[PDB]
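Quick notes on the structure that follows.
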Amino acid sequence: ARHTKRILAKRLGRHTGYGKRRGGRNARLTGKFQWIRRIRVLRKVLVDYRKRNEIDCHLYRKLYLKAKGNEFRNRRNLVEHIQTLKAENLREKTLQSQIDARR
Amino acid sequence: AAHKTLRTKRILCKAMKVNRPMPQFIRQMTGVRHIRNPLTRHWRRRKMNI
Amino acid sequence: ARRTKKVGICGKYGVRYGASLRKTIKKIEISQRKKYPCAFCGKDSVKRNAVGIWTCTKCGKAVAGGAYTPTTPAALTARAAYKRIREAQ
Amino acid sequence: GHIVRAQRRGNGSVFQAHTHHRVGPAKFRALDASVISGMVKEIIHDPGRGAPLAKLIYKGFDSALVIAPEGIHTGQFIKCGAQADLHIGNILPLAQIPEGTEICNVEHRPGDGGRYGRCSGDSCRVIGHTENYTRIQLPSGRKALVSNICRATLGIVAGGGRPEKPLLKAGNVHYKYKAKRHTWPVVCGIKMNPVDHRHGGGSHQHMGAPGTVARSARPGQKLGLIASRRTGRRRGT
RNA sequence: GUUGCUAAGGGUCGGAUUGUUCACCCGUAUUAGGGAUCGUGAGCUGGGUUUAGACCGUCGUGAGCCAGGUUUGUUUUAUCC
RNA sequence: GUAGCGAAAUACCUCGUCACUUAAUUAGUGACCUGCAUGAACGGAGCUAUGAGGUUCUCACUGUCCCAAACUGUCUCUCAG
RNA sequence: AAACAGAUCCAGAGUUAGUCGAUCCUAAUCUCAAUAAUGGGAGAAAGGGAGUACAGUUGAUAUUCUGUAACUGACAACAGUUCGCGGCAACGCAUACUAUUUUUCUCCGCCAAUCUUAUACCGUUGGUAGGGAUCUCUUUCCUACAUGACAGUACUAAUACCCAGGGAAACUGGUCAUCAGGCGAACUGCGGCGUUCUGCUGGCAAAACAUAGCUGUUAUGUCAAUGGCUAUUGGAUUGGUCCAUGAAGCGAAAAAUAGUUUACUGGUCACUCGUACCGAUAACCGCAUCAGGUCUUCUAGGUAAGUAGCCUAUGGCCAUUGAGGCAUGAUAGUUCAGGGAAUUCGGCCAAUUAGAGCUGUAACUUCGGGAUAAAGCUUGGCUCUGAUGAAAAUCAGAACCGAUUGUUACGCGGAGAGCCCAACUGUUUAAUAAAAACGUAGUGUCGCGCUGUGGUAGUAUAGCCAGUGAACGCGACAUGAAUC
RNA sequence: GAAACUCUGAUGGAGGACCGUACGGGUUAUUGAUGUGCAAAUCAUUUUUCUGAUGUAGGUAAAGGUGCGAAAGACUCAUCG
């Protein structure tokens with residue numbers, strides 16, 4: 001019952017400031033784990049957009065190798081880059097090629 | 001022990017059946033007194049070295 | 001980023017063993033790890049297995065080469081010697 | 001005095017070769033009267049020896065752990081005999097081979113196994129053919145009359161240039177002499193007391209005696225430079 | 001101030017370097033030196049001296065040597081009269 | 001006796017001579033060199049890194065000390081065996 | 001000390017196996033024999049090695065006994081099937097024996113990473129059985145919520161590898177990471193196959209356990225949902241490292257080539273020897289019930305980076321003479337005004353420092369280090385807000401609060417500036433010396449091409465070591481990293 | 001950036017690297033306790049090392065003017081020039 005108070009407080013964030021730590025930032029929760037958590041989100045997201053038909057053969061391979069670097073730090077940042085690089089590229093792709101093929 | 005051989009076990013048998021007090025009736029027969037069993041021992045004090 | 005300026009592969013050794021020895025091994029340790037082009041299956045995956053031996057992975061074959069490179073200069077000269085004599089006569 | 005470490009290698013208790021993981025004795029097949037083809041089944045590395053070995057098959061399959069020239073590969077066809085042509089691989093008698101070329105694992109006597117020029121990156125050179133005795137130069141410098149019937153592998157032995165790279169750590173030399181035999185590390189004779197070694201003893205470390213001894217000098221006494229017709233820095237020549 | 005006599009009741013020191021005794025400087029209340037198994041190790045300490053490890057220098061063909069230097073080196077027992 | 005090094009882990013005379021270090025230094029550091037007896041794989045000069053290694057100083061901190069004192073645990077004290 | 005106690009004394013009693021071990025095979029190594037020979041034997045209770053599990057029972061035995069359910073081998077006849085077919089392919093399904101050769105399993109270093117069963121533990125959701133707690137508060141707290149070897153066949157879904165189609169630069173696919181591909185990638189098959197996985201059964205509730213009641217047995221009940229950022233173990237997928245490349249043999253199966261052929265599935269028996277208990281805490285070695293020494297196994301919760309230190313359930317314990325005093329002293333400890341090494345051969349000793357986060361880091365250097373350099377700051381409690389994940393986790397930010405205090409106990413470097421020696425990790429006088437001594441890499445010199453060289457060995461013309469060796473080697477010395 | 005290539009961040013996990021656990025391996029200091037010892041070499045606090053030239057077990061090899069020795073004349077059953 002005493003431990004239940006300590007857990008239920010720790011969820012809300014008591015007893016977890018800079019005083020009551022003895023492990024480093026890597027010892028608490030690892031830089032390898034934060035990397036492995038990141039890119040498994042980011043690759044699963046890109047896989048979905050390929051199967052939906054939103055992202056092509058070619059736009060996938062650029063974003064895949066950008067995700068292996070630190071371009072994206074987040075799911076939300078990967079989604080807004082796709083929404084940008086759709087809205088910039090695909091209006092032109094449709095616009096430039098379509099009209100200048102006949103003319 | 002455990003895992004004793006048989007001829008090891010034969011010696012440990014003979015070493016414990018020989019370990020006893022001397023019988024009463026020899027003192028009554030021969031009339032000698034003060035004979036001790038020589039192959040008496042205690043396990044903790046004297047080791048066998050066999 | 002490049003992270004050592006000068007040292008390269010010999011950064012594992014740290015401050016030990018002198019400057020002249022780590023220059024010497026810098027050349028040889030780059031050689032023995034490097035994947036080299038295969039003759040037989042063609043592909044660039046010939047690793048060093050033991051001292052003299054150089055296994056290709058994808059072939060499943062091996063060749064006898066040098067200790068730290070698959071081609072010794074002196075052994076490569078011996079090919080050219082037996083070529084010119086065989087091509088004669 | 002005690003018996004000295006140089007004498008104690010003879011009695012041979014701890015000073016034996018560590019011969020457990022060694023794969024076999026490296027030699028040719030026996031002679032047995034032309035030409036015989038032999039596939040390289042595989043090339044393997046045995047401990048102690050710096051060279052590779054190449055296991056041949058003269059298919060029954062008769063085996064032979066031959067020491068490996070450089071540029072041998074797996075499933076090459078090696079050709080032992082007289083009328084076999086010149087490739088790096090093939091095993092010719094010294095009658096057939098041209099002079100002024102590099103050969104490997106040359107026999108002293110015919111049908112022997114192979115004797116001169118066996119370690120990694122070495123080769124006997126051929127000087128010239130007398131009549132019976134093909135004269136060859138050994139790796140050291142020395143020259144040797146060897147009979148033309150006896151065999152030799154063509155080319156230079158594999159694994160060349162292993163001492164080009166130095167061993168930085170004592171641990172690398174520990175693993176070197178684990179495969180070979182116990183002879184390491186060496187405690188120097190000056191450091192030991194007078195009973196243990198000839199050079200030992202004295203208030204200050206120094207040799208004292210001339211330190212250079214005859215062929216006639218005895219067991220216990222042969223320590224240091226034996227029959228040294230020169231000493232010091234070999235400048236020129 | 002220099003010096004003679006009677007007087008040993010009392011006082012006669014803090015520090016820097018040195019194993020020091022001794023010496024020599026800085027500082028103060030002016031300022032002597034000695035004995036007691038060179039008082040005092042079952043009261044201490046072990047810096048020195050004086051073992052076995054090791055280094056330097058001269059000497060010795062060498063093992064080794066050296067009031068020549070340097071460093072690491074076990075200090076027991078009272079309950080008897 | 002060349003190059004280096006040089007009262008040195010080697011320099012007896014010696015607490016060498018002159019600076020820095022200190023209120024005060026036979027210690028420490030840097031110079032000079034009539035090197036008792038330095039010296040080049042008998043290896044010479046060197047110290048970035050490493051050291052339960054040797055040695056000197058400064059800051060921090062302290063019962064090591066001026067100068068001792070109080071309290072606490074087990075024994076020492078008394079009785080039975 | 002005491003004693004009715006005891007590992008003491010005395011009298012009896014106790015160790016049950018085809019499946020655990022030994023037995024069988026060889027390793028380092030040892031020892032005989034033959035040379036008409038090409039070996040035989042020994043050598044491991046941690047290597048190899050066919051085959052067992054649960055429940056119950058005794059004052060002491062249990063994988064050994066009893067009950068129940070398996071499994072392996074050998075030797076017999078005998079009854080019924082059967083005399084080779086499917087798939088383009090990967091492969092599937094009912095097929096012999098002797099011999100030779102060939103190959104495989106047995107079968108193999110160390111280190112690092114990712115994924116995942118089982119077990120343990122912590123968890124969000126509820127629940128029901130009993131017990132504990134109660135002045136007040138707590139729909140609370142604790143215990144319980146379980147299924148063996150073995151045998152089966154569903155489709156879910158994995159990764160390895162292979163096969164059929166397919167035929168790739170505007171290069172595409174893929175990992176935590178390296179990467180893969182015209183010697184054929186992506187991709188499609190209700191492909192093939194191996195190893196793991198989820199669910200559903202058999203074993204199987206008849207047992208076992210917990211409540212309730214009756215005098216041995218009758219009742220109900222052991223449920224439903226779904227996470228782990230935690231650990232250990234087994235396994236899978238890989239990588240790195242070596243002048244280091246990490247057992248053998250018995251045994252088993254397969255294949256090929258000959259020859260001889262019908263085969264397959266479904267009662268009896270299993271020899272021999274060990275088996276108790278201790279395993280340091282009094283059962284072992286130290287003369288002893290000695291604060292010493294001696295190989296390994298199963299390993300709970302909280303705090304924390306933790307197999308640290310500190311506290312506590314299960315389990316095991318009070319091992320230790322008592323009664324009374326408390327000055328002095330010895331020893332192990334907290335604390336000491338003002339000064340701060342004046343003590344001392346000497347800062348010996350102790351004190352200060354300390355964890356983490358955010359700043360900030362010099363001379364010199366072999367450019368790697370120095371570096372946790374140095375020097376500053378912040379750290380609690382409580383009520384919240386936001387971001388990243390799947391995720392019950394972890395990180396960032398703000399209020400307000402009181403003795404300005406907070407790595408609160410526990411655990412955790414005092415630091416800097418010169419000089420000497422040895423380069424470095426390492427080794428050493430068991431019991432006064434751990435160092436500058438030894439060692440090392442690096443450098444150098446000498447000897448020798450096997451009928452040889454450096455040893456040893458001893459009367460047998462024994463054969464042993466370097467040598468399963470051959471100058472990029474073997475042996476003999478001296479210096480002791482680098483730089484000049 | 002014309003080029004040869006070299007700036008920032010991540011990824012990765014090398015090293016006879018470092019801090020640090022133990023019924024691990026060693027044994028520096030207090031020259032502490034003990035020295036009629038618990039002990040014919042112990043105890044406490046402190047200290048060193050902790051994937052390696054590592055520790056450790058069983059079997060096995062080497063025997064007295066011999067053995068073995070990362071060398072101290074060390075060790076060879078409390079015995080060793």
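We name chains A, B, ... following the order of the structure tokens; residues begin at 1 in each chain, and ligands are numbered from 1 as shown.
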Practice task
Run DSSP on the backbone of this structure and report the residues of range 148-224 of chain D it assigns to strand (DSSP E or B), as a PyMOL selection string.
Solution key: chain D and resi 151-154+157+181+212-213
Selection file, N, CA, C and O atoms, as a PDB file, in the first residue's frame:
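Saved the output as again.pdb:
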ATOM      1  N   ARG D 151      61.116 -33.226 -56.813  1.00  0.00           N
ATOM      2  CA  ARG D 151      60.013 -32.343 -57.203  1.00  0.00           C
ATOM      3  C   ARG D 151      60.027 -31.026 -56.431  1.00  0.00           C
ATOM      4  O   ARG D 151      60.656 -30.916 -55.376  1.00  0.00           O
ATOM      5  N   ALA D 152      59.327 -30.032 -56.979  1.00  0.00           N
ATOM      6  CA  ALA D 152      59.169 -28.718 -56.345  1.00  0.00           C
ATOM      7  C   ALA D 152      57.901 -28.020 -56.845  1.00  0.00           C
ATOM      8  O   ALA D 152      57.604 -28.055 -58.040  1.00  0.00           O
ATOM      9  N   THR D 153      57.167 -27.387 -55.929  1.00  0.00           N
ATOM     10  CA  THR D 153      55.969 -26.614 -56.280  1.00  0.00           C
ATOM     11  C   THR D 153      56.365 -25.275 -56.899  1.00  0.00           C
ATOM     12  O   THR D 153      57.379 -24.687 -56.520  1.00  0.00           O
ATOM     13  N   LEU D 154      55.554 -24.803 -57.842  1.00  0.00           N
ATOM     14  CA  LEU D 154      55.877 -23.616 -58.635  1.00  0.00           C
ATOM     15  C   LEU D 154      55.301 -22.358 -57.974  1.00  0.00           C
ATOM     16  O   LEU D 154      54.155 -22.365 -57.517  1.00  0.00           O
ATOM     17  N   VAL D 157      55.413 -18.926 -51.814  1.00  0.00           N
ATOM     18  CA  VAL D 157      54.515 -19.430 -50.763  1.00  0.00           C
ATOM     19  C   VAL D 157      53.611 -18.298 -50.265  1.00  0.00           C
ATOM     20  O   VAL D 157      54.042 -17.146 -50.166  1.00  0.00           O
ATOM     21  N   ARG D 181      55.025 -23.126 -29.066  1.00  0.00           N
ATOM     22  CA  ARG D 181      55.661 -23.814 -27.933  1.00  0.00           C
ATOM     23  C   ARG D 181      56.055 -22.800 -26.855  1.00  0.00           C
ATOM     24  O   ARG D 181      56.192 -21.608 -27.142  1.00  0.00           O
ATOM     25  N   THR D 212      81.705 -14.285 -25.810  1.00  0.00           N
ATOM     26  CA  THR D 212      81.868 -14.729 -27.197  1.00  0.00           C
ATOM     27  C   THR D 212      82.781 -15.963 -27.201  1.00  0.00           C
ATOM     28  O   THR D 212      83.959 -15.867 -26.846  1.00  0.00           O
ATOM     29  N   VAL D 213      82.232 -17.104 -27.614  1.00  0.00           N
ATOM     30  CA  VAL D 213      82.726 -18.419 -27.185  1.00  0.00           C
ATOM     31  C   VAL D 213      82.864 -19.387 -28.359  1.00  0.00           C
ATOM     32  O   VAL D 213      82.255 -19.191 -29.413  1.00  0.00           O
TER      33      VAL D 213
END
Exercise for the section: Return as a list in words the residues belonging to chain D that are within 12 Å of chain E, counting only C-alpha atoms (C1' of nucleotides). Expected result: residues 191, 193, 194, 195, 198, 199, 200, 201, 202, 203, 204, 205, 206, 207, 208, 209 and 210 of chain D
Would you export the selected residues with N, CA and C atoms as an mmCIF file, in the first residue's frame, please?
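Output contents, as saved in again03.cif:
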data_model
loop_
_atom_site.group_PDB
_atom_site.id
_atom_site.type_symbol
_atom_site.label_atom_id
_atom_site.label_comp_id
_atom_site.auth_asym_id
_atom_site.auth_seq_id
_atom_site.Cartn_x
_atom_site.Cartn_y
_atom_site.Cartn_z
ATOM 1 N N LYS D 191 70.641 -10.378 -15.680
ATOM 2 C CA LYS D 191 69.712 -10.166 -14.586
ATOM 3 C C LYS D 191 69.727 -11.281 -13.537
ATOM 4 N N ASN D 193 71.213 -14.379 -11.089
ATOM 5 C CA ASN D 193 72.368 -14.472 -10.202
ATOM 6 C C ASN D 193 73.457 -15.368 -10.782
ATOM 7 N N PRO D 194 74.683 -15.337 -10.133
ATOM 8 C CA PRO D 194 75.734 -16.148 -10.769
ATOM 9 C C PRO D 194 75.448 -17.625 -10.953
ATOM 10 N N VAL D 195 74.785 -18.286 -10.023
ATOM 11 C CA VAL D 195 74.530 -19.709 -10.197
ATOM 12 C C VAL D 195 73.662 -20.059 -11.407
ATOM 13 N N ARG D 198 75.732 -17.735 -16.728
ATOM 14 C CA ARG D 198 77.120 -17.294 -16.768
ATOM 15 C C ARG D 198 77.313 -15.796 -16.591
ATOM 16 N N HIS D 199 76.479 -15.003 -17.251
ATOM 17 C CA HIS D 199 76.569 -13.542 -17.198
ATOM 18 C C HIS D 199 76.081 -12.891 -15.912
ATOM 19 N N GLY D 200 75.387 -13.651 -15.082
ATOM 20 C CA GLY D 200 74.822 -13.147 -13.845
ATOM 21 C C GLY D 200 75.789 -12.822 -12.730
ATOM 22 N N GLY D 201 75.293 -12.096 -11.734
ATOM 23 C CA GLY D 201 76.070 -11.698 -10.576
ATOM 24 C C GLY D 201 76.721 -10.336 -10.660
ATOM 25 N N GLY D 202 77.394 -9.956 -9.581
ATOM 26 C CA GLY D 202 78.083 -8.681 -9.481
ATOM 27 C C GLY D 202 77.221 -7.606 -8.853
ATOM 28 N N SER D 203 77.862 -6.601 -8.265
ATOM 29 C CA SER D 203 77.162 -5.489 -7.631
ATOM 30 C C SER D 203 76.383 -4.652 -8.633
ATOM 31 N N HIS D 204 76.993 -4.437 -9.793
ATOM 32 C CA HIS D 204 76.415 -3.658 -10.877
ATOM 33 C C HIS D 204 76.193 -4.628 -12.002
ATOM 34 N N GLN D 205 75.096 -4.491 -12.733
ATOM 35 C CA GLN D 205 74.858 -5.413 -13.828
ATOM 36 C C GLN D 205 75.823 -5.140 -14.971
ATOM 37 N N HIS D 206 76.519 -6.192 -15.371
ATOM 38 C CA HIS D 206 77.485 -6.194 -16.474
ATOM 39 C C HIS D 206 77.978 -7.614 -16.751
ATOM 40 N N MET D 207 78.497 -7.835 -17.954
ATOM 41 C CA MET D 207 78.871 -9.182 -18.395
ATOM 42 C C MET D 207 80.206 -9.634 -17.803
ATOM 43 N N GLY D 208 81.220 -8.775 -17.879
ATOM 44 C CA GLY D 208 82.521 -9.045 -17.261
ATOM 45 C C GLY D 208 83.422 -9.909 -18.124
ATOM 46 N N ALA D 209 83.007 -11.157 -18.346
ATOM 47 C CA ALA D 209 83.698 -12.067 -19.269
ATOM 48 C C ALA D 209 83.473 -11.657 -20.736
ATOM 49 N N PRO D 210 84.421 -12.006 -21.643
ATOM 50 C CA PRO D 210 84.396 -11.626 -23.070
ATOM 51 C C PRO D 210 83.080 -11.790 -23.845
#
Practice task
Find the residues around range 4-8 of chain H up to 10 Å (only C-alpha atoms (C1' of nucleotides) counted), leave out those fewer than 2 positions away in its own chain, and share them as a list in words.
Solution key: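 So, after excluding close chain neighbours, the residues are residues 1 and 2 of chain C; 1 of chain H.
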Practice task
Tell me which protein, DNA and RNA residues are within 12 Å of residue 45 in chain E, counting only C-alpha atoms (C1' of nucleotides), leaving out same-chain ones fewer than 4 positions away, and put them as a list in words.
Solution key: residues 41 and 75 of chain E; 344, 345 and 348 of chain G; 31 of chain H
Export of the given selection (N, CA, C and O atoms (P, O5', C5', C4', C3', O3' and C1' of nucleotides)) as a PDB file, in the first residue's frame:
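The resulting file, result.pdb, is reproduced below:
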ATOM      1  P     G E  41      64.992   3.029  28.708  1.00  0.00           P
ATOM      2  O5'   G E  41      63.691   2.343  28.101  1.00  0.00           O
ATOM      3  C5'   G E  41      62.740   3.101  27.330  1.00  0.00           C
ATOM      4  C4'   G E  41      62.180   2.270  26.198  1.00  0.00           C
ATOM      5  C3'   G E  41      62.323   0.760  26.333  1.00  0.00           C
ATOM      6  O3'   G E  41      61.252   0.233  27.113  1.00  0.00           O
ATOM      7  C1'   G E  41      62.757   1.503  24.085  1.00  0.00           C
ATOM      8  P     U E  75      56.838  -4.031  14.238  1.00  0.00           P
ATOM      9  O5'   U E  75      57.812  -3.913  15.493  1.00  0.00           O
ATOM     10  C5'   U E  75      58.079  -5.061  16.321  1.00  0.00           C
ATOM     11  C4'   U E  75      58.973  -4.676  17.472  1.00  0.00           C
ATOM     12  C3'   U E  75      58.348  -3.733  18.499  1.00  0.00           C
ATOM     13  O3'   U E  75      58.485  -4.280  19.809  1.00  0.00           O
ATOM     14  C1'   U E  75      60.465  -2.922  17.808  1.00  0.00           C
TER      15        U E  75
ATOM     16  P     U G 344      57.448  18.751  17.525  1.00  0.00           P
ATOM     17  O5'   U G 344      57.494  17.540  16.490  1.00  0.00           O
ATOM     18  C5'   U G 344      57.021  16.228  16.845  1.00  0.00           C
ATOM     19  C4'   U G 344      56.783  15.392  15.607  1.00  0.00           C
ATOM     20  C3'   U G 344      57.965  15.226  14.666  1.00  0.00           C
ATOM     21  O3'   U G 344      58.877  14.234  15.135  1.00  0.00           O
ATOM     22  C1'   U G 344      56.028  15.742  13.410  1.00  0.00           C
ATOM     23  P     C G 345      60.462  14.504  15.099  1.00  0.00           P
ATOM     24  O5'   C G 345      60.766  14.636  13.542  1.00  0.00           O
ATOM     25  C5'   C G 345      62.056  15.064  13.066  1.00  0.00           C
ATOM     26  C4'   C G 345      62.249  14.677  11.617  1.00  0.00           C
ATOM     27  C3'   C G 345      61.094  14.990  10.676  1.00  0.00           C
ATOM     28  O3'   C G 345      61.161  16.340  10.222  1.00  0.00           O
ATOM     29  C1'   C G 345      61.866  12.776  10.300  1.00  0.00           C
ATOM     30  P     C G 348      50.666  12.646   5.004  1.00  0.00           P
ATOM     31  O5'   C G 348      51.416  11.537   5.870  1.00  0.00           O
ATOM     32  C5'   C G 348      51.103  10.134   5.749  1.00  0.00           C
ATOM     33  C4'   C G 348      51.172   9.451   7.096  1.00  0.00           C
ATOM     34  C3'   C G 348      49.844   9.033   7.706  1.00  0.00           C
ATOM     35  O3'   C G 348      49.321   7.830   7.143  1.00  0.00           O
ATOM     36  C1'   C G 348      51.219  10.011   9.371  1.00  0.00           C
TER      37        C G 348
ATOM     38  P     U H  31      50.655   5.104  12.769  1.00  0.00           P
ATOM     39  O5'   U H  31      51.768   4.536  11.780  1.00  0.00           O
ATOM     40  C5'   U H  31      52.895   3.770  12.252  1.00  0.00           C
ATOM     41  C4'   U H  31      52.818   2.357  11.720  1.00  0.00           C
ATOM     42  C3'   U H  31      52.857   1.250  12.760  1.00  0.00           C
ATOM     43  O3'   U H  31      51.550   1.023  13.282  1.00  0.00           O
ATOM     44  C1'   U H  31      54.295   0.728  10.929  1.00  0.00           C
TER      45        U H  31
END
Practice task
Enter the distance from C1' of residue 356 in chain G to CA of residue 12 in chain A, in Å, rounded to one decimal.
Solution key: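 Answer for the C1' of residue 356 in chain G to CA of residue 12 in chain A separation: 21.3 Å.
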Handout entry: Contacts of residue 71 in chain A at 12 Å (only C-alpha atoms (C1' of nucleotides); same-chain gap of 2+ positions) as an NGL selection string
Key = (:A and (38-39 or 42 or 62-69 or 73-75 or 77-78 or 81)) or (:H and (9-10))
Write a file of the selected residues as a PDB file, in the first residue's frame, keeping C-alpha atoms (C1' of nucleotides).
ATOM      1  CA  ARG A  38      12.222   6.591 -33.362  1.00  0.00           C
ATOM      2  CA  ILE A  39      13.032   4.954 -36.710  1.00  0.00           C
ATOM      3  CA  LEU A  42       9.198   6.543 -38.968  1.00  0.00           C
ATOM      4  CA  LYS A  62      14.504   9.709 -50.577  1.00  0.00           C
ATOM      5  CA  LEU A  63      12.521   9.906 -47.307  1.00  0.00           C
ATOM      6  CA  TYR A  64      13.746   6.441 -46.199  1.00  0.00           C
ATOM      7  CA  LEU A  65      17.422   7.470 -46.402  1.00  0.00           C
ATOM      8  CA  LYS A  66      16.631  10.905 -44.904  1.00  0.00           C
ATOM      9  CA  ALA A  67      14.998   9.062 -41.960  1.00  0.00           C
ATOM     10  CA  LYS A  68      18.251   7.096 -41.454  1.00  0.00           C
ATOM     11  CA  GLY A  69      19.867  10.487 -40.866  1.00  0.00           C
ATOM     12  CA  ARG A  73      12.898  13.803 -34.970  1.00  0.00           C
ATOM     13  CA  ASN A  74       9.221  12.892 -34.731  1.00  0.00           C
ATOM     14  CA  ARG A  75       6.129  11.419 -36.441  1.00  0.00           C
ATOM     15  CA  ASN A  77       7.561  16.296 -38.505  1.00  0.00           C
ATOM     16  CA  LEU A  78       7.598  13.408 -41.014  1.00  0.00           C
ATOM     17  CA  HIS A  81       7.188  17.177 -44.657  1.00  0.00           C
TER      18      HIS A  81
ATOM     19  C1'   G H   9      24.463  16.244 -36.706  1.00  0.00           C
ATOM     20  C1'   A H  10      23.111  11.330 -36.122  1.00  0.00           C
TER      21        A H  10
END
Identify, with DSSP run on backbone atoms, the residues in chain C assigned to alpha helix (DSSP H), and express the list as a tab-separated table (two decimals) with C-alpha atoms, in the first residue's frame.
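And here's out-v4.tsv as it stands now:
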chain	number	residue	atom	x	y	z
C	19	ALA	CA	53.74	7.84	-33.11
C	20	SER	CA	55.88	5.91	-35.61
C	21	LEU	CA	54.29	2.50	-34.89
C	22	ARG	CA	50.72	3.82	-35.29
C	23	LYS	CA	51.67	5.34	-38.67
C	24	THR	CA	52.94	1.90	-39.75
C	25	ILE	CA	49.84	-0.04	-38.64
C	26	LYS	CA	47.44	2.61	-40.07
C	27	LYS	CA	48.43	1.38	-43.55
C	28	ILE	CA	48.13	-2.35	-42.78
C	29	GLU	CA	44.92	-2.38	-40.66
C	30	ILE	CA	43.01	-0.54	-43.43
C	31	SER	CA	44.23	-3.23	-45.89
C	32	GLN	CA	43.26	-6.42	-44.02
C	33	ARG	CA	39.64	-5.37	-43.27
C	73	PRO	CA	53.85	-7.62	-55.45
C	74	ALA	CA	56.54	-10.35	-55.43
C	75	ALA	CA	53.99	-13.13	-56.13
C	76	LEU	CA	52.44	-10.96	-58.87
C	77	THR	CA	55.90	-10.74	-60.50
C	78	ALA	CA	56.10	-14.57	-60.56
C	79	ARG	CA	52.97	-14.74	-62.78
C	80	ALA	CA	54.62	-12.36	-65.28
C	81	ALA	CA	57.83	-14.46	-65.22
C	82	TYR	CA	56.05	-17.76	-66.00
C	83	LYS	CA	53.86	-15.99	-68.60
C	84	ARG	CA	56.79	-14.76	-70.75
C	85	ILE	CA	58.51	-18.20	-70.66
C	86	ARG	CA	55.28	-20.12	-71.44
C	87	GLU	CA	54.42	-17.63	-74.24
Using only C-alpha atoms (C1' of nucleotides), which residues of chain C come within 10 Å of chain H, and what is the closest atom pair for each, with the distance in Å to one decimal? Give it as CSV, sorted by chain and residue number.
residue,atom,partner,partner_atom,distance
C:1,CA,H:8,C1',6.7
C:2,CA,H:6,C1',8.5
C:9,CA,H:14,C1',9.1
C:10,CA,H:14,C1',9.6
C:11,CA,H:15,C1',8.5
C:12,CA,H:15,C1',4.8
C:13,CA,H:15,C1',6.1
C:14,CA,H:17,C1',7.5
C:15,CA,H:17,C1',9.7
Exercise for the section: Would you kindly return, as a count of residues only, each protein, DNA or RNA residue with an atom no farther than 12 Å from any atom of residue 166 in chain G, considering only C-alpha atoms (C1' of nucleotides) and excluding same-chain residues fewer than 5 positions away? Expected result: 6
Practice task
Record the distance separating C1' of residue 117 in chain G and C1' of residue 227 in chain G, expressed in Å with one decimal.
Solution key: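 Taking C1' of residue 117 in chain G as the start and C1' of residue 227 in chain G as the end point, the length is 16.6 Å.
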